[PDB]
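So you can see what is in the structure, the chains are spelled out below.
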Amino acid sequence: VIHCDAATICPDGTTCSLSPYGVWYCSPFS
């Protein structure tokens, strides 16, 4: 999976992206 900051997990296939309000979310890429 995707931990990145080791504080938020993400589905295998998404990248760690920070929101304009400091919110870690998974963004799908290809």
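Judging from the entry metadata, solution NMR is the method by which this structure was determined.

Here is the idea: a disulfide is a covalent bond, and it sits between the sulfur atoms of two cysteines. Per the stated rule, a full pass over the model turns up two disulfides. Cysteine pairing for the chain (bonded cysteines numbered in sequence order): 1-3, 2-4.

Mapping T8 onto the fold places it in the segment before β1 (14-18). Judged by its relative accessible area of 31%, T8 falls in the partly exposed class. Spatially, the C-alpha atom of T8 lies 9.2 Å from that of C26, the residues being 18 residues apart in sequence. Sequence-distant contacts of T8, defined by excluding residues within four places in its chain, comprise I2, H3 and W24.

Basis of the calculations
Residues numbered from 1 in each chain as written, not as in the entry; some residues may be left out. Heavy atoms only, no water. Disulfide = S-S within 2.5 Å. Helix = DSSP H or I, 4+ residues; strand = E, 2+ residues; numbered from the N terminus. Buried < 20%, exposed > 50% of the residue type's maximum accessible area, 1.4 Å probe, protein only. Contact = heavy atoms within 4.5 Å.

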